[PDB]
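Each remark here refers to the structure printed beneath this line.
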Amino acid sequence: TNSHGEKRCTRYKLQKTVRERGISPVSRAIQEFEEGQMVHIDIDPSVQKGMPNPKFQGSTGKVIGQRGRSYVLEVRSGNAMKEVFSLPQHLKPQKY
Amino acid sequence: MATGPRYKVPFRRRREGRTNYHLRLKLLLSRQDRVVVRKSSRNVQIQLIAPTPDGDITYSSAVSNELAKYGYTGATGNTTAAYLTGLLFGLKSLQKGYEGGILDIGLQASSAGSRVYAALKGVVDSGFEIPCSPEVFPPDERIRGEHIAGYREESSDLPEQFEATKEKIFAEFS
Amino acid sequence: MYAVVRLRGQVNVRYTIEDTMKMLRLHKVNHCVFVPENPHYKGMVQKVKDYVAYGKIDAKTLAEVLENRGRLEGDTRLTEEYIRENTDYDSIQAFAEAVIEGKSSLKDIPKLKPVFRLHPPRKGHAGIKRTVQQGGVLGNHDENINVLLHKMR
Amino acid sequence: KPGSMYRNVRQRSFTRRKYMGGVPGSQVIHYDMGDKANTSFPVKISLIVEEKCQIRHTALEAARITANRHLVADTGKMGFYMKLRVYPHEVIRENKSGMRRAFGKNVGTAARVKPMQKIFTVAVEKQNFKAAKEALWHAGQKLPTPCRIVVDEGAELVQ
RNA sequence: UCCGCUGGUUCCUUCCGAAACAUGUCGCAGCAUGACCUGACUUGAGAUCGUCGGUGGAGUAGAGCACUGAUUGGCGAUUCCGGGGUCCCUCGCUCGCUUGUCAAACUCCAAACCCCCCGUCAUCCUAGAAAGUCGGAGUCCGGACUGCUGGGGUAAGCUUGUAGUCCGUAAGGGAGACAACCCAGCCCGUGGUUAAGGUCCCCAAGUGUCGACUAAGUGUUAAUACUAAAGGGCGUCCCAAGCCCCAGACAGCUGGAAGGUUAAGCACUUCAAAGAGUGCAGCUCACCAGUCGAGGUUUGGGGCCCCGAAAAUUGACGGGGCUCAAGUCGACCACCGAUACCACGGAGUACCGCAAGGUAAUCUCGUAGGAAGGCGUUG
RNA sequence: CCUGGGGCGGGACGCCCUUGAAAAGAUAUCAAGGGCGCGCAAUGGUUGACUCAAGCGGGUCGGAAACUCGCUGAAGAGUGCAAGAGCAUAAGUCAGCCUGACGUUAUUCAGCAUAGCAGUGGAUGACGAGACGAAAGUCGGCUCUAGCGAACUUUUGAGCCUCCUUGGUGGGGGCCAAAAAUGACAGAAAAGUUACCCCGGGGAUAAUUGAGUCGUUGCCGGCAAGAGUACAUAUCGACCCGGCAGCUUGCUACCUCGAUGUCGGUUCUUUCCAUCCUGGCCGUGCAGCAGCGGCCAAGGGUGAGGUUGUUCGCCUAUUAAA
RNA sequence: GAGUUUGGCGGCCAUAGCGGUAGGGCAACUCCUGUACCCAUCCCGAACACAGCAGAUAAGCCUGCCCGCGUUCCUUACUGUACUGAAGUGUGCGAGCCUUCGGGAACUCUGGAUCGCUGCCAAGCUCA
Ligand SMILES: [Mg+2]
Ligand SMILES: [Mg+2]
Ligand SMILES: [Mg+2]
Ligand SMILES: [Mg+2]
Ligand SMILES: [Mg+2]
Ligand SMILES: [Mg+2]
Ligand SMILES: [Mg+2]
């Protein structure tokens with residue numbers, strides 16, 4: 001039977017491209033975010049700590065608070081609001 | 001040798017052997033200015049750096065080429081010159097409005113009584129705040145330049161000129 | 001100005017297309033709405049091409065449409081007197097000319113319904129199972145929507 | 001087991017043989033026939049299939065045998081070059097009880113070919129064009145698809 | 001007694017109206033919890049079923065060998081690890097240049113849908129958005145059509161999924177009948193015009209128009225569980241291209257196949273006109289001469305039709321029948337034909353208004369079920 | 001209990017990864033590839049120093065097998081073990097010092113999208129203690145995702161609360177935490193048989209007929225490889241390909257379980273042609289006789305007996321044929 | 001006020017890599033010189049560390065060039081092909097496929113470009 005683990009069916013959700021494999025840009029890991037700012041969840045597979053679910057990969061979260069290094073995001077999953085803790089390595093700002 | 005399209009070249013600083021990015025990620029998590037001390041074979045240089053996504057920016061700096069104007073004549077690439085450069089950097093950064101910062105020796109190896117730790121002791125003695133342990137500090141006679149008697153008698157001008165430069169720079173910035 | 005007329009019913013229609021129709025105010029067949037030419041309405045009319053017929057109406061067609069199928073609130077027919085007492089123009093024809101020239105709107109008329117419940121097409125139409133370019137009636141008539149609007153007068 | 005069983009293409013490609021077990025290999029022996037060195041054949045024709053069909057390896061072997069024998073008896077042993085382009089990569093599995101645990105065992109391979117995809121390419125001289133064309137006609141009679149011949153090289157050389 | 005199992009459970013109208021799915025369950029004919037439906041209340045300003053633009057997620061179709069694995073030859077070298085008749089030399093793997101194929105657990109690439117967020121338009125919304133609390137359930141046997149080459153399977157009116165829409169719970173109109181195919185979602189009566197589909201009769205309206213095809217009663221069968229293939233046709237109708245062609249071809253009618261060779265034909269110096277040879281040693285074609293005097297032959301791509309084509313009560317284009325059509329194809333005209341659409345008059349409902357009354361393209365179908373209002377018997 | 005009826009088989013009965021799965025999420029089958037019920041005081045933590053696999057070249061019997069030097073080398077290695085993902089001044093290897101494989105505690109995720117649901121994890125934090133390090137940092141085990149279990153009961157750890165008028169002693173009760181297991185893994189202490197069977201239901205589900213399908217069965221066709229002294233096609237028809245019938249066995253579960261009386265024979269009637277004989281033709285490797293193969297043709301005929309319950313099949317003697 | 005060079009820190013992480021040729025250093029950088037000391041080698045002052053007068057731009061580094069390999073981008077053709085969203089009384093015996101409107105590749109090909117761009121600070125010089 002199939003499993004129910006957190007990494008289930010994440011062969012390409014949590015995979016890095018060939019020319020971004022290895023160390024990531026360190027400037028992405030100290031990008032400070034403001035209160036209420038909209039940020040995109042684009043999970044960095046190399047950074048194995050503070051990662052959200054693969055189910056939130058590609059969702060825009062509204063920053064509502066900080067819990068140390070990571071940020072608190074109000075993410076939408078279908079019809080429910082979720083609080084998704086993610087470090088700045090996995091987040092990316094939305095530009096207008 | 002980028003043999004094909006599945007070749008991941010290192011980053012440019014890592015290709016040039018000039019920056020470690022794991023150490024850079026460790027240091028940038030502090031959210032504090034870095035005392036980027038770099039030593040050249042003929043003199044020494046110290047910077048205060050704060051990163052922004054456009055690139056690093058440097059607030060204050062000080063090299064061994066400035067020690068001439070304060071009355072220094074000896075070698076600019078020894079422990080005494082490193083201490084004087086660190087003291088000048090600390091006083092200048094205090095004057096500009098910076099009093100904190102974590103040490104950053106980068107790729108240079110860590111060993112007690114080096115020129116980098118001499119510059120660190122110079123920065124600490126100027127009132128600049130930087131977390132450090134006194135074990136890696138050099139002895140006071142080494143900062144004075146008490147190596148002189150081994151090889152050369154023309155090195156004997158070092159301690160008196162170091163004390164003169166110290167008092168001159170302290171009067172200059174305070 | 002797109003003249004969008006609905007020509008197929010609401011049975012076996014997907015909910016996205018049916019909500020596209022409902023936001024266009026086309027709930028039943030033979031119902032016409034006049035909308036501007038912005039890209040938003042162009043995409044909305046493009047989404048419902050298989051269930052309506054749309055085109056670029058001219059001034060005479062819209063004038064006759066207002067004169068024969070304009071209803072105010074309470075299901076009262078539009079006439080010349082109401083137009084002259086609630087607009088600046090001499091008749092329905094000049095108001096239609098102003099609307100086609102872009103310096104007027106159908107919302108200029110107070111209480112006027114935005115849906116024109118038209119009669120079924122006299123002598124039939126070309127069919128609701130083929131588009132205009134396939135020999136039917138659905139889709140884009142271009143300026144030939146006024147012929148279909150004339151036969152649904 | 002007739003070819004009508006494993007003919008229609010309504011299932012995905014079952015070719016990753018490291019995740020299956022014990023495929024009986026194809027009976028197809030060669031894929032190049034005739035002169036495998038003379039690249040100077042002016043008139044070149046190809047047999048193309050005009051449906052989406054799965055050709056069994058036995059069907060491919062029978063077609064190759066009939067076409068190669070006809071070409072050897074028509075244009076001599078070294079007067080032609082005939083190429084079977086497609087390898088049978090798909091693995092065909094039969095449910096050898098009832099419908100419980102219906103994933104069958106591999107009972108042979110086959111080649112999935114698209115419409116207008118060339119099966120056999122034949123290069124011949126000017127005079128041996130008709131014999132090569134007729135042998136390719138006999139080859140497509142052993143295949144499960146309608147096949148039409150198309151001329152690759154020397155369209156003006158023939159007419 | 002008990003039963004999750006069977007059967008039955010008695011009046012009318014009005015409003016709204018599902019689920020046959022997930023997790024747990026000695027659970028699989030049951031139940032609980034959640035989704036979905038319903039009623040009320042609190043709350044007080046936004047909501048996104050839809051479009052257009054942008055910041056992001058793509059790793060599916062497609063494509064390809066750049067990784068993982070397969071896979072086909074040719075050419076030139078692995079002087080080396082190997083197989084064979086002074087390790088004299090044979091020689092398969094291995095590595096490059098040029099070919100030939102692939103992948104559901106492959107990707108240097110990579111869409112269209114789609115999903116999160118932002119802006120805009122659009123629609124809903126103070127006659128109450130989103131949110132919250134409580135009352136009442138039903139429901140967890142589903143099924144079908146159109147797609148995903150969905151998975152499995154030889155296939156199945158098979159089994160198991162997913163997106164949308166249907167039947168269930170869906171009238172009326174039409175397909176001969178048709179749960180779910182098309183029009184259509186439907187309060188009552190009248191008038192009109194159209195939708196689907198049809199107009200030779202059965203049957204209201206075309207023995208309709210133009211240009212061709214079919215000679216088989218083929219066909220007169222949109223979708224489809226209701227419709228036979230591979231293969232072939234000098235059947236017939238077309239398009240295009242080679243070849244010979246009024247310096248006279250093609251198919252028929254006149255002189256010859258005479259030098260040769262019996263290399264026992266059928267196990268040349270040089271002539272326009274005769275071979276190591278097509279045929280029942282004379283008996284016969286290929287081939288030059290003349291002749292009527294103009295098209296002939298080959299190939300490719302198409303339309304319809306034909307053979308392939310055999311089943312059991314007599315029978316099914318719906319039946320009659322139909323042949324420049326009453327069949328097929330490319331178009332066209334006019335008419336018929338719904339409860340749809342329009343209009344008129346009427347009823348009910350929803351909300352608002354103190355009330356008169358106002359609005360409704362944005363109200364009127366309905367199974368399980370919730371809510372409301374009434375009729376009736378006995379006292 | 002699940003179950004293409006039940007049983008036998010199996011566990012798709014708990015946990016983890018890839019595909020299925022149709023580029024958000026979700027998505028079933030006794031779907032495909034499988035794995036786990038552990039191992040480790042180092043195979044753990046941190047700092048420093050280095051870079052691996054595999055080739056080419058040099059080095060002495062140290063061989064094409066060891067160890068060593070140079071060059072190529074973004075990874076082709078290693079990281080305990082399934083699968084996938086991560087990692088190179090490293091998440092690898094070696095060495096120094098250590099025990100964070102620390103006590104307590106709050107949220108949100110995901111098991112269980114949307115959207116309730118157990119004990120558990122797994123990511124952020126907080127209080128108190130440390131390790132390594134110049135410091136930044138890292139460390140809540142072994143790079144991430146499996147390696148495990150409710151209530152009750154007992155035992156154990158630290159300190160407290162309590163026992164029926166009051167105080168004490170022995171002994172109980174309790175709070176928090178740890179261990180002992182229910183693998184049918186959201187947790188019964190659990191073997192068969194019934195043809196002597198009974199009852200309630202089911203076409204929700206099988207033998208049965210019928211319908212769908214046609215792998216298999218019966219009958220064919222295309223192309224003809226060839227055998228036929230020669231000669232594919234008088235005759236036989238390989239390989240491969242395409243069919244029809246529904247007359248054998250299968251598959252399925254649509255109808256019927258408040259019953260459609262289930263094999264074979266007998267009697268009687270009818271139907272199809274894919275024709276055994278009778279009628280008419282064509283070919284022959286047809287001299288005649290007698291065959292062989294094919295086409296048209298369903299008007300008539302197609303029997304009697306031995307075994308066997310038989311269908312089928314064999315055997316007997318007739319017969320135009322049986 | 002501005003510019004060139006040099007150094008440090010970088011951002012984007014190949015348009016930046018791999019490869020080949022030609023030029024330069026006054027200041028700087030590097031190579032390079034020793035081992036009293038600080039520090040160090042699982043041995044070696046090779047690296048690290050320290051103290052540095054020379055000598056050398058031969059390399060690091062900087063400037064220009066080469067399309068060769070890789071990458072990225074444009075471009076003509078393939079081609080509005082593949083594929084696909086919506087609808088369809090369009091079509092096939094069937095596996096399926098077609099028309100309309102709306103999107104739209106990848107490979108390859110033609111002709112070309114790309115042998116990095118840019119941010120901060122400091123040292124110098126040359127400002128008008
Ligand atoms: Mg594909
Ligand atoms: Mg439908
Ligand atoms: Mg319905
Ligand atoms: Mg009906
Ligand atoms: Mg009810
Ligand atoms: Mg059971
Ligand atoms: Mg007994």
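Quick reminder, even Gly has a Cβ in these numbers, built from the backbone with ideal geometry, and neighbours come from all protein chains shown. Bear in mind these aren't lab numbers, they're just calculated from the coordinates by the rules spelled out.
For the range C:104-150, which positions are outside any loop (DSSP other than H, G, I, E, B), on the phi < 0 side of the Ramachandran plot and exposed (fewer than 15 other Cβ atoms within 10 Å of the Cβ)? Passing the criteria: C:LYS107, C:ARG117, C:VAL147, C:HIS150. Looking only at the range A:58-73, decide whether some residue is under 23 Å from A:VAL18 (Cα atoms), more than 6 Å from RNA strand F (Cβ to nearest atom) and in a loop (DSSP other than H, G, I, E, B). Within the range A:58-73, not a single residue is under 23 Å from A:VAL18 (Cα atoms), more than 6 Å from RNA strand F (Cβ to nearest atom) and in a loop (DSSP other than H, G, I, E, B). May I ask you to list the residues in the range A:45-66 that are within 12 Å of chain B (Cβ to nearest Cβ) and in contact with a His (Cβ under 7 Å, 6 or more places away or on another chain)? Scanning the range A:45-66 gives a single hit, A:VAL47.
Exactly one residue out of A:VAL26, A:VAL39 is within 16 Å of RNA strand G (Cβ to nearest atom), under 13 Å from A:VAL84 (Cα atoms) and in contact with a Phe, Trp or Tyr (Cβ under 8 Å, 6 or more places away or on another chain), and it is A:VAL39. Condition test on A:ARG76, is it surrounded by fewer than 11 Cβ atoms within 10 Å (Cβ to Cβ) and more than 14 Å from chain B (Cβ to nearest Cβ)? Here the answer is no, as A:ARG76 does not meet what is asked. Considered as a group, the residues in the range D:52-90 that are crowded, with 19+ Cβ neighbours inside 10 Å and more than 19 Å from D:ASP32 (Cα to Cα) include one that is farthest from RNA strand G (Cβ to nearest atom), and that residue is D:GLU90. On the stretch given as the range C:72-121, residues that are basic (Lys, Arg) and touching a helix residue (DSSP H, G or I) at 6+ places or on another chain (Cβ under 8 Å) total 1.
Of the residues making up the range C:26-46, those that are within 7 Å of RNA strand E (Cβ to nearest atom) and surrounded by 15 or more Cβ atoms within 10 Å (Cβ to Cβ) number 5. The single residue among B:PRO53, B:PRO5 that is exposed (fewer than 15 other Cβ atoms within 10 Å of the Cβ) and either among the small types (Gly, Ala, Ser) or more than 30 Å from A:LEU87 (Cα to Cα) (or both) turns out to be B:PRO5. Outside any loop (DSSP other than H, G, I, E, B) and either over 23 Å from B:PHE162 (Cα atoms) or of a type in the set (S, T, N, Q) (or both): does that describe B:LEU107? Here the answer is no, as B:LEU107 does not meet what is asked. No other residue among C:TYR51, C:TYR89, C:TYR15 is touching a strand residue (DSSP E or B) at 6+ places or on another chain (Cβ under 8 Å), away from chain A (no Cβ under 14 Å) and either more than 21 Å from C:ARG122 (Cα to Cα) or within 14 Å of RNA strand G (Cβ to nearest atom) (or both) apart from C:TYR51.
A quick yes/no check of all residues on (1) crowded, with 16+ Cβ neighbours inside 10 Å; (2) not hydroxyl-bearing (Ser, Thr, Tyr):
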| position | (1), (2) |
| --- | --- |
| D:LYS1 | no, yes |
| D:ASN8 | no, yes |
| D:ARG12 | no, yes |
| D:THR15 | no, no |
| D:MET20 | no, yes |
| D:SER40 | no, no |
| D:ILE45 | yes, yes |
| D:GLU50 | no, yes |
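Identify the residue in the range B:22-33 that is surrounded by 12 or more Cβ atoms within 10 Å (Cβ to Cβ) and more than 7 Å from RNA strand G (Cβ to nearest atom) and, among all such residues, is farthest from the other protein chains (Cβ to nearest Cβ). Per the criteria, the residue is B:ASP33. If the condition is being polar (S, T, N, Q) and in a loop (DSSP other than H, G, I, E, B), then the range A:1-30 contributes A:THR1, A:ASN2, A:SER3, A:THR10, A:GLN15, A:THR17, A:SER24. The condition of being surrounded by 15 or more Cβ atoms within 10 Å (Cβ to Cβ) and over 25 Å from C:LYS151 (Cα atoms) holds for only one of C:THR20, C:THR61, that being C:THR20. Of all residues in the range B:3-50, those satisfying the criterion of being touching a helix residue (DSSP H, G or I) at 6+ places or on another chain (Cβ under 9 Å), β-branched (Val, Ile, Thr) and within 12 Å of RNA strand F (Cβ to nearest atom) are B:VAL9, B:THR19, B:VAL35, B:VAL37. Within the range C:66-94, the residues that satisfy the criterion of being crowded, with 18+ Cβ neighbours inside 10 Å, assigned to a helix (DSSP H, G or I) and either among the aliphatic types (A, V, I, L, M) or touching an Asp or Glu at 6+ places or on another chain (Cβ under 6 Å) (or both) are C:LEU66, C:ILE83, C:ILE92.
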